[PDB]
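One chain is shown next in C-alpha coordinates, namely the form deposited in one PDB entry.
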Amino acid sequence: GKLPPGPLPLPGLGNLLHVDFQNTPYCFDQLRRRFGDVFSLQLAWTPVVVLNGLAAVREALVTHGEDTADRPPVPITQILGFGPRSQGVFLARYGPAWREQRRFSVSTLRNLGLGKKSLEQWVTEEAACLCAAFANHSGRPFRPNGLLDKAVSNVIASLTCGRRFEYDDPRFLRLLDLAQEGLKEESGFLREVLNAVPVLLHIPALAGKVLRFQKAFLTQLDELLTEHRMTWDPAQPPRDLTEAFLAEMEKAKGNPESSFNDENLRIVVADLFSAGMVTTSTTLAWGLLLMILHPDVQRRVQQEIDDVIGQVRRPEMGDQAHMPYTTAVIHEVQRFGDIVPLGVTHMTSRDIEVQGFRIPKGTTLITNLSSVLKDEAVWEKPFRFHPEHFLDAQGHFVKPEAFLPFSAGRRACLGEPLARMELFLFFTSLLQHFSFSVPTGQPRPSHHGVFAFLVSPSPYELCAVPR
(Lines give C-alpha, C1' and ligand atoms only; values in the text may rest on other atoms or scores of the structure.)
Protein backbone atom coordinates (compact mmCIF):
# COMPACT_ATOMS: atom_id res chain seq x y z
CA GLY A 1 0.00 0.00 0.00
CA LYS A 2 0.86 3.70 0.15
CA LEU A 3 3.29 4.94 2.80
CA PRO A 4 2.03 7.92 4.85
CA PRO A 5 2.91 11.47 3.66
CA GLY A 6 5.38 13.84 5.31
CA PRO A 7 8.01 16.57 4.82
CA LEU A 8 11.12 16.25 2.64
CA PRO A 9 13.63 13.64 3.92
CA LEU A 10 17.17 15.06 3.91
CA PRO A 11 19.99 12.66 2.90
CA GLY A 12 21.80 12.72 6.25
CA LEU A 13 19.58 13.99 9.06
CA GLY A 14 16.31 13.12 7.31
CA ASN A 15 13.57 15.04 9.09
CA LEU A 16 15.67 16.08 12.09
CA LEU A 17 15.54 19.72 11.00
CA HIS A 18 11.75 19.71 10.55
CA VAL A 19 11.31 19.08 14.28
CA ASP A 20 12.41 21.55 16.97
CA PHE A 21 12.38 18.88 19.73
CA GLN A 22 11.19 21.67 22.03
CA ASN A 23 7.40 21.99 21.90
CA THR A 24 7.34 18.91 19.67
CA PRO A 25 3.57 18.46 20.16
CA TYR A 26 3.08 21.97 18.75
CA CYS A 27 5.21 21.02 15.75
CA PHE A 28 3.18 17.85 15.23
CA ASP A 29 -0.04 19.89 15.17
CA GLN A 30 1.45 21.77 12.22
CA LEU A 31 2.44 18.57 10.42
CA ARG A 32 -1.03 17.12 11.04
CA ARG A 33 -2.62 20.20 9.46
CA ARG A 34 -0.27 19.74 6.50
CA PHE A 35 -0.11 15.98 5.93
CA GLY A 36 -3.07 14.52 7.82
CA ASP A 37 -3.72 12.34 10.85
CA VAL A 38 -1.11 9.77 9.81
CA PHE A 39 2.19 11.24 8.63
CA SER A 40 5.76 9.93 8.46
CA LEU A 41 9.15 11.09 9.72
CA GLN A 42 12.72 9.91 9.24
CA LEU A 43 14.56 10.54 12.51
CA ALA A 44 18.10 9.43 11.64
CA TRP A 45 18.13 5.64 11.25
CA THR A 46 14.63 5.34 12.71
CA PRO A 47 11.46 5.23 10.58
CA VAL A 48 8.67 6.93 12.53
CA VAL A 49 4.91 7.13 11.96
CA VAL A 50 2.83 9.56 14.02
CA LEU A 51 -0.79 8.75 14.88
CA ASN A 52 -3.24 11.61 15.47
CA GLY A 53 -6.84 11.64 16.66
CA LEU A 54 -8.90 8.92 18.36
CA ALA A 55 -9.58 6.96 15.16
CA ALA A 56 -5.95 6.61 14.06
CA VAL A 57 -4.81 5.77 17.59
CA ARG A 58 -7.56 3.18 18.12
CA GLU A 59 -6.97 1.58 14.72
CA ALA A 60 -3.38 0.79 15.69
CA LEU A 61 -3.57 0.06 19.42
CA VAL A 62 -6.88 -1.83 19.43
CA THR A 63 -7.79 -3.12 15.97
CA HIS A 64 -4.16 -4.02 15.24
CA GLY A 65 -3.24 -4.30 18.91
CA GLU A 66 -1.56 -7.67 18.37
CA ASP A 67 0.91 -6.13 15.94
CA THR A 68 1.57 -2.84 17.76
CA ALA A 69 2.15 -3.93 21.35
CA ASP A 70 5.95 -4.14 21.02
CA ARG A 71 8.60 -1.70 22.27
CA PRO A 72 11.50 -0.18 20.30
CA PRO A 73 14.76 -1.87 21.40
CA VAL A 74 16.72 0.04 24.03
CA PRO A 75 20.21 -1.55 24.08
CA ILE A 76 21.79 0.78 26.67
CA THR A 77 19.55 -0.68 29.38
CA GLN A 78 21.90 -3.68 29.47
CA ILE A 79 24.10 -1.58 31.75
CA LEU A 80 21.23 -1.57 34.24
CA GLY A 81 20.85 -5.35 34.07
CA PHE A 82 18.29 -5.81 31.29
CA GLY A 83 18.25 -9.30 29.78
CA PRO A 84 15.98 -11.67 27.80
CA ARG A 85 14.00 -13.04 30.77
CA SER A 86 14.40 -9.80 32.74
CA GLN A 87 13.03 -6.82 30.82
CA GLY A 88 10.56 -5.58 33.42
CA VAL A 89 7.18 -4.39 32.18
CA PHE A 90 7.50 -0.88 30.80
CA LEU A 91 10.33 -1.38 28.29
CA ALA A 92 9.79 -5.13 27.90
CA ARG A 93 9.55 -6.49 24.36
CA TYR A 94 6.27 -8.01 23.19
CA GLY A 95 6.31 -11.66 24.22
CA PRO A 96 6.13 -14.09 27.16
CA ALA A 97 8.51 -12.04 29.33
CA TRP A 98 6.25 -8.98 29.12
CA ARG A 99 2.94 -10.83 29.38
CA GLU A 100 3.91 -12.76 32.52
CA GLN A 101 5.00 -9.60 34.32
CA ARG A 102 2.03 -7.67 32.90
CA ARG A 103 -0.49 -10.24 34.13
CA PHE A 104 1.28 -10.46 37.49
CA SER A 105 1.26 -6.72 38.21
CA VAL A 106 -2.34 -6.23 37.05
CA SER A 107 -3.67 -9.08 39.18
CA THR A 108 -1.55 -8.24 42.25
CA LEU A 109 -2.82 -4.65 42.26
CA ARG A 110 -6.33 -6.09 42.10
CA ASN A 111 -5.77 -8.66 44.86
CA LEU A 112 -4.13 -6.24 47.30
CA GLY A 113 -7.11 -3.92 46.91
CA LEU A 114 -10.13 -6.24 46.95
CA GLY A 115 -9.12 -8.34 49.95
CA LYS A 116 -8.84 -5.86 52.81
CA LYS A 117 -8.98 -2.47 51.06
CA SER A 118 -5.23 -2.20 51.68
CA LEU A 119 -4.86 -0.16 48.49
CA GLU A 120 -7.48 2.32 49.67
CA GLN A 121 -6.18 2.24 53.24
CA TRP A 122 -2.57 3.18 52.45
CA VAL A 123 -3.79 6.05 50.26
CA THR A 124 -6.30 7.36 52.80
CA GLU A 125 -3.61 7.35 55.50
CA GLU A 126 -1.07 8.97 53.18
CA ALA A 127 -3.59 11.69 52.32
CA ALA A 128 -3.88 12.50 56.02
CA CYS A 129 -0.10 12.82 56.23
CA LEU A 130 -0.21 15.05 53.15
CA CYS A 131 -2.84 17.27 54.77
CA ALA A 132 -0.67 17.60 57.89
CA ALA A 133 2.42 18.52 55.87
CA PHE A 134 0.30 21.13 54.10
CA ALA A 135 -0.97 22.40 57.46
CA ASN A 136 2.57 23.20 58.65
CA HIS A 137 3.07 25.56 55.71
CA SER A 138 -0.01 27.64 56.56
CA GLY A 139 0.53 31.39 56.71
CA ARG A 140 3.21 31.16 54.04
CA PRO A 141 3.23 30.50 50.27
CA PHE A 142 5.09 27.38 49.09
CA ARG A 143 5.69 25.04 46.15
CA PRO A 144 3.41 22.00 46.60
CA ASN A 145 5.37 19.79 44.17
CA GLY A 146 7.86 18.28 46.62
CA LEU A 147 5.19 17.19 49.08
CA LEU A 148 3.08 15.73 46.27
CA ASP A 149 6.03 13.60 45.14
CA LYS A 150 6.50 12.20 48.65
CA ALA A 151 2.83 11.39 49.19
CA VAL A 152 2.60 9.76 45.77
CA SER A 153 5.91 7.90 46.25
CA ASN A 154 4.70 6.47 49.56
CA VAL A 155 1.58 4.96 47.99
CA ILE A 156 3.81 3.08 45.57
CA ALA A 157 6.22 1.95 48.30
CA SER A 158 3.15 0.71 50.15
CA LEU A 159 2.31 -1.51 47.18
CA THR A 160 5.85 -2.58 46.32
CA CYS A 161 7.53 -2.98 49.73
CA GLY A 162 4.55 -2.64 52.09
CA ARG A 163 5.86 0.45 53.87
CA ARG A 164 5.96 4.25 53.85
CA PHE A 165 8.79 6.68 54.58
CA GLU A 166 8.75 9.81 56.74
CA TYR A 167 8.97 13.01 54.71
CA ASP A 168 12.31 13.88 56.31
CA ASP A 169 13.83 10.42 55.83
CA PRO A 170 17.39 10.78 54.44
CA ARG A 171 17.15 7.65 52.27
CA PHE A 172 13.68 8.63 51.06
CA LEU A 173 14.82 12.09 49.93
CA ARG A 174 17.87 10.64 48.17
CA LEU A 175 15.69 8.02 46.48
CA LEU A 176 13.34 10.73 45.23
CA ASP A 177 16.16 13.04 44.12
CA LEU A 178 17.89 10.25 42.20
CA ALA A 179 14.58 9.35 40.58
CA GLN A 180 13.92 12.82 39.16
CA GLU A 181 17.47 13.10 37.84
CA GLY A 182 17.03 9.68 36.24
CA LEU A 183 14.05 10.99 34.31
CA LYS A 184 16.22 13.76 32.85
CA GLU A 185 18.83 11.22 31.74
CA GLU A 186 16.14 9.46 29.72
CA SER A 187 15.46 12.80 28.04
CA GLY A 188 19.01 13.34 26.81
CA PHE A 189 20.33 13.82 23.29
CA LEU A 190 23.25 11.58 24.24
CA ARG A 191 20.78 8.74 24.77
CA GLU A 192 19.50 8.56 21.18
CA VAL A 193 23.01 8.55 19.70
CA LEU A 194 24.06 5.90 22.22
CA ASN A 195 20.88 3.91 21.55
CA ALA A 196 21.89 3.69 17.89
CA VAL A 197 25.19 1.86 18.36
CA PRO A 198 25.77 -0.45 21.39
CA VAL A 199 29.54 -0.95 21.06
CA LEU A 200 29.91 2.75 21.86
CA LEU A 201 29.16 1.59 25.40
CA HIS A 202 32.30 -0.56 25.37
CA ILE A 203 34.24 2.62 26.15
CA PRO A 204 34.63 2.62 29.98
CA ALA A 205 34.59 6.43 30.15
CA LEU A 206 31.40 6.76 28.11
CA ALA A 207 29.50 3.85 29.71
CA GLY A 208 29.93 5.32 33.19
CA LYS A 209 28.44 8.72 32.36
CA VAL A 210 25.46 7.32 30.42
CA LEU A 211 23.26 6.39 33.36
CA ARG A 212 25.08 7.55 36.49
CA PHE A 213 21.94 8.78 38.27
CA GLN A 214 19.84 5.85 37.06
CA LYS A 215 22.42 3.38 38.38
CA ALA A 216 22.43 5.27 41.67
CA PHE A 217 18.66 4.84 41.89
CA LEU A 218 18.81 1.09 41.29
CA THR A 219 21.64 0.78 43.81
CA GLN A 220 19.63 2.72 46.41
CA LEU A 221 16.62 0.57 45.52
CA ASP A 222 18.65 -2.64 45.90
CA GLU A 223 19.52 -1.68 49.47
CA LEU A 224 15.82 -1.26 50.25
CA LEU A 225 14.88 -4.56 48.57
CA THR A 226 17.56 -6.44 50.51
CA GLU A 227 16.13 -5.07 53.76
CA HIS A 228 12.62 -6.07 52.70
CA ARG A 229 13.78 -9.60 51.85
CA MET A 230 14.89 -9.99 55.47
CA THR A 231 11.52 -9.11 57.02
CA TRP A 232 9.47 -11.17 54.56
CA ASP A 233 7.42 -13.95 56.18
CA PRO A 234 6.69 -16.69 53.58
CA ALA A 235 4.31 -18.45 56.00
CA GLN A 236 1.84 -15.58 55.56
CA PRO A 237 -0.04 -14.32 52.50
CA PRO A 238 1.94 -11.57 50.68
CA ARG A 239 1.53 -8.09 52.18
CA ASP A 240 2.81 -6.40 49.04
CA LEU A 241 3.82 -6.94 45.40
CA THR A 242 7.45 -7.70 46.20
CA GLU A 243 6.45 -10.50 48.59
CA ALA A 244 4.06 -11.86 45.97
CA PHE A 245 6.95 -11.66 43.50
CA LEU A 246 9.27 -13.45 45.94
CA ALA A 247 6.71 -16.22 46.47
CA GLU A 248 6.61 -16.77 42.71
CA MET A 249 10.41 -16.75 42.53
CA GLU A 250 10.54 -19.72 44.91
CA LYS A 251 8.06 -21.70 42.80
CA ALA A 252 10.06 -20.86 39.68
CA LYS A 253 13.37 -22.21 40.97
CA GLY A 254 14.71 -24.62 38.37
CA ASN A 255 12.82 -22.91 35.57
CA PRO A 256 14.95 -20.82 33.17
CA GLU A 257 11.82 -19.82 31.22
CA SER A 258 10.32 -17.81 34.07
CA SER A 259 10.76 -14.03 34.32
CA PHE A 260 10.52 -14.35 38.09
CA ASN A 261 14.19 -13.98 39.03
CA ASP A 262 16.35 -11.57 41.03
CA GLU A 263 17.47 -9.52 38.02
CA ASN A 264 13.86 -8.86 37.05
CA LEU A 265 12.55 -8.09 40.55
CA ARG A 266 14.67 -4.95 40.90
CA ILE A 267 13.69 -3.90 37.38
CA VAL A 268 9.94 -4.50 37.73
CA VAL A 269 9.92 -2.71 41.08
CA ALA A 270 11.92 0.21 39.65
CA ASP A 271 9.40 0.33 36.80
CA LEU A 272 6.31 0.43 39.04
CA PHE A 273 8.01 2.85 41.42
CA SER A 274 9.14 5.46 38.91
CA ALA A 275 6.21 5.27 36.49
CA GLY A 276 3.57 5.84 39.16
CA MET A 277 5.54 8.50 41.01
CA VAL A 278 6.25 11.29 38.55
CA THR A 279 2.97 10.87 36.64
CA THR A 280 0.51 10.91 39.54
CA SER A 281 2.45 13.68 41.27
CA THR A 282 2.53 15.93 38.21
CA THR A 283 -1.20 15.45 37.67
CA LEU A 284 -1.86 16.45 41.28
CA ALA A 285 0.39 19.45 40.70
CA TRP A 286 -1.66 20.40 37.63
CA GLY A 287 -4.83 19.92 39.68
CA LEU A 288 -3.74 22.37 42.37
CA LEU A 289 -2.60 24.93 39.80
CA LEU A 290 -5.97 24.80 38.05
CA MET A 291 -7.76 25.24 41.38
CA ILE A 292 -6.04 28.56 42.12
CA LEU A 293 -6.49 29.76 38.52
CA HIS A 294 -10.19 28.86 38.70
CA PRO A 295 -11.43 29.44 42.28
CA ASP A 296 -15.09 29.22 41.20
CA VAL A 297 -14.43 25.62 40.21
CA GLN A 298 -12.72 25.02 43.55
CA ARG A 299 -15.75 26.27 45.48
CA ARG A 300 -18.17 24.00 43.60
CA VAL A 301 -15.98 20.99 44.37
CA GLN A 302 -15.73 21.96 48.04
CA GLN A 303 -19.50 22.43 47.95
CA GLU A 304 -20.10 18.91 46.61
CA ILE A 305 -17.61 17.56 49.15
CA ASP A 306 -19.66 18.98 52.03
CA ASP A 307 -22.99 17.81 50.57
CA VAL A 308 -21.70 14.24 50.29
CA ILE A 309 -18.81 13.72 52.71
CA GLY A 310 -18.57 16.59 55.18
CA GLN A 311 -15.41 18.08 56.67
CA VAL A 312 -14.54 15.52 59.35
CA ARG A 313 -15.01 12.11 57.71
CA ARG A 314 -12.27 10.91 55.36
CA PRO A 315 -13.24 10.47 51.68
CA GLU A 316 -13.83 6.95 50.31
CA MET A 317 -13.85 5.44 46.81
CA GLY A 318 -17.55 4.73 47.33
CA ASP A 319 -18.18 8.48 47.44
CA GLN A 320 -17.00 9.00 43.84
CA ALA A 321 -20.19 7.51 42.41
CA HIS A 322 -22.09 10.26 44.24
CA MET A 323 -19.77 13.13 43.27
CA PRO A 324 -20.20 13.73 39.51
CA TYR A 325 -18.82 17.29 39.49
CA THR A 326 -15.64 16.43 41.38
CA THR A 327 -15.15 13.48 39.04
CA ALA A 328 -15.50 15.84 36.07
CA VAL A 329 -12.93 18.28 37.48
CA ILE A 330 -10.39 15.51 38.06
CA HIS A 331 -10.90 14.13 34.56
CA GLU A 332 -10.61 17.65 33.16
CA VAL A 333 -7.34 18.10 35.05
CA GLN A 334 -5.94 15.03 33.30
CA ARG A 335 -7.34 16.17 29.95
CA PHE A 336 -6.15 19.78 30.21
CA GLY A 337 -2.93 18.80 31.98
CA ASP A 338 -2.06 16.39 29.16
CA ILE A 339 1.09 15.29 30.95
CA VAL A 340 2.13 12.61 28.45
CA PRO A 341 1.43 14.33 25.11
CA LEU A 342 3.25 11.84 22.87
CA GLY A 343 2.52 8.84 25.08
CA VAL A 344 5.08 6.05 25.14
CA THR A 345 6.54 4.86 21.83
CA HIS A 346 5.29 1.63 20.28
CA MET A 347 6.67 -0.53 17.49
CA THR A 348 5.06 -2.64 14.78
CA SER A 349 5.93 -6.33 15.05
CA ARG A 350 4.20 -6.94 11.70
CA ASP A 351 2.97 -5.07 8.64
CA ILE A 352 -0.26 -3.19 9.35
CA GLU A 353 -2.72 -0.80 7.72
CA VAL A 354 -3.64 2.47 9.43
CA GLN A 355 -6.13 4.88 7.83
CA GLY A 356 -5.58 3.23 4.45
CA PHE A 357 -1.81 3.67 4.56
CA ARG A 358 0.70 0.86 5.08
CA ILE A 359 3.06 0.62 8.06
CA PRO A 360 6.11 -1.66 7.63
CA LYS A 361 7.22 -4.08 10.35
CA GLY A 362 9.70 -2.57 12.79
CA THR A 363 8.30 0.93 12.42
CA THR A 364 8.35 3.12 15.54
CA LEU A 365 4.83 4.30 16.31
CA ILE A 366 4.11 7.53 18.16
CA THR A 367 0.65 7.87 19.69
CA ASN A 368 -0.12 11.59 19.85
CA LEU A 369 -2.35 11.43 22.92
CA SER A 370 -2.37 15.23 22.95
CA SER A 371 -4.16 15.27 19.59
CA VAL A 372 -6.91 13.16 21.17
CA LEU A 373 -7.34 15.04 24.47
CA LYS A 374 -7.28 18.39 22.66
CA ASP A 375 -9.25 17.40 19.55
CA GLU A 376 -11.30 20.43 18.50
CA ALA A 377 -13.84 18.22 16.73
CA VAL A 378 -14.55 16.32 19.95
CA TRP A 379 -14.26 18.75 22.86
CA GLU A 380 -16.35 21.91 23.18
CA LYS A 381 -13.43 24.18 24.10
CA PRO A 382 -10.29 21.96 24.10
CA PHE A 383 -7.77 24.68 25.00
CA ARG A 384 -9.66 25.81 28.11
CA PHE A 385 -10.09 24.36 31.59
CA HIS A 386 -13.73 23.33 31.27
CA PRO A 387 -15.16 20.74 33.73
CA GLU A 388 -18.35 20.57 31.65
CA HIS A 389 -16.40 18.50 29.12
CA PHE A 390 -17.38 15.59 31.37
CA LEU A 391 -20.85 16.82 32.33
CA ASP A 392 -24.22 16.99 30.61
CA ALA A 393 -26.87 19.68 31.10
CA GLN A 394 -28.37 17.76 34.03
CA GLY A 395 -25.05 17.49 35.85
CA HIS A 396 -24.35 13.80 35.24
CA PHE A 397 -20.77 12.66 34.69
CA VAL A 398 -20.06 11.49 31.15
CA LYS A 399 -16.75 10.17 29.84
CA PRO A 400 -16.12 10.80 26.12
CA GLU A 401 -14.33 8.15 24.06
CA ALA A 402 -11.52 10.66 23.47
CA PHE A 403 -10.43 10.54 27.11
CA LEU A 404 -7.21 8.57 26.60
CA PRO A 405 -4.61 9.86 29.05
CA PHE A 406 -3.61 6.24 29.77
CA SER A 407 -3.43 5.41 26.04
CA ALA A 408 -5.20 2.29 24.75
CA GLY A 409 -4.74 -1.38 23.89
CA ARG A 410 -2.64 -4.14 25.45
CA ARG A 411 0.09 -1.74 26.55
CA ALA A 412 -2.31 0.77 28.12
CA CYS A 413 -1.30 1.94 31.60
CA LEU A 414 -1.63 -0.90 34.10
CA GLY A 415 -1.52 1.64 36.91
CA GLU A 416 -4.75 3.39 35.91
CA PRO A 417 -6.93 1.80 38.63
CA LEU A 418 -4.45 2.93 41.29
CA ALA A 419 -4.05 6.34 39.66
CA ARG A 420 -7.83 6.84 39.74
CA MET A 421 -7.79 6.04 43.45
CA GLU A 422 -4.82 8.28 44.25
CA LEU A 423 -6.26 11.19 42.29
CA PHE A 424 -9.74 11.09 43.82
CA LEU A 425 -8.62 10.54 47.41
CA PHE A 426 -5.72 13.02 47.42
CA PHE A 427 -7.60 15.74 45.54
CA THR A 428 -10.77 15.53 47.64
CA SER A 429 -8.86 15.31 50.93
CA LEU A 430 -6.87 18.44 50.14
CA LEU A 431 -9.90 20.47 49.02
CA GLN A 432 -11.89 19.13 51.97
CA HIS A 433 -9.55 20.80 54.46
CA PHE A 434 -7.84 23.55 52.48
CA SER A 435 -8.72 26.56 50.37
CA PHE A 436 -6.06 27.19 47.73
CA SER A 437 -5.26 30.57 46.19
CA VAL A 438 -2.58 32.56 44.38
CA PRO A 439 -0.23 34.44 46.75
CA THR A 440 -0.90 38.19 46.62
CA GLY A 441 1.98 40.19 45.16
CA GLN A 442 2.81 37.34 42.80
CA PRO A 443 1.90 37.15 39.08
CA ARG A 444 -0.88 34.85 37.90
CA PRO A 445 0.93 31.61 37.02
CA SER A 446 0.85 30.44 33.40
CA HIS A 447 -1.48 27.57 32.53
CA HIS A 448 1.13 26.56 29.96
CA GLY A 449 3.46 23.74 30.95
CA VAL A 450 7.16 23.09 30.41
CA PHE A 451 7.44 20.50 27.65
CA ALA A 452 9.37 17.29 28.22
CA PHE A 453 8.55 13.60 27.93
CA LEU A 454 6.32 14.44 30.89
CA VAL A 455 4.69 17.89 30.79
CA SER A 456 4.78 19.48 34.25
CA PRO A 457 3.10 22.75 35.30
CA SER A 458 5.10 25.97 35.11
CA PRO A 459 6.73 26.55 38.55
CA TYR A 460 4.28 28.18 40.95
CA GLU A 461 3.61 28.82 44.64
CA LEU A 462 0.29 28.69 46.47
CA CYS A 463 -1.36 29.50 49.78
CA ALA A 464 -3.19 26.76 51.67
CA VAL A 465 -5.59 28.02 54.33
CA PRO A 466 -7.50 25.58 56.58
CA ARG A 467 -11.31 25.51 56.81
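From 1 onward, residues are counted along the sequence shown. Here the rigid core means the biggest group of C-alpha atoms that line up within 1.5 Å when the two forms are laid on top of each other.
Keep in mind that the form deposited in another entry is missing from the display, and what follows is about it.
> Looking at 106, 135, 200, 249, which has a Cα shift of 2 angstroms or more between the shown form and the other one when the rigid core is held fixed?
Between the two forms, the residue that moves is 200.
> Is residue 398 one of the residues whose C-alpha moves 2 Å or more between the shown form and the other one after the core fit?
For residue 398, whose C-alpha is compared between the shown form and the other one after core superposition, the shift is less than 2 Å.
> Aligning on the core only, does the CA of residue 345 end up 2 angstroms or more away between the shown form and the other one?
No, the C-alpha position differs by under 2 Å between the shown form and the other one.
> Would you say residue 27 moves between the shown form and the other one, meaning its CA shifts by 2 Å or more once the core is fitted?
Superposed on the core, residue 27 moves its C-alpha 2 Å or more between the shown form and the other one.
> Tell me whether residue 419 and residue 115 end up closer or farther apart in that other deposited form, going by their C-alpha atoms; the shift is 3 Å or more.
Pair moves closer in that other deposited form.
> Closer or farther apart in that other deposited form, the C-alpha atoms of residue 118 and residue 262, for a change of 3 Å or more?
Farther apart, which means the C-alphas of residue 118 and residue 262 are at least 3 Å more distant in that other deposited form.
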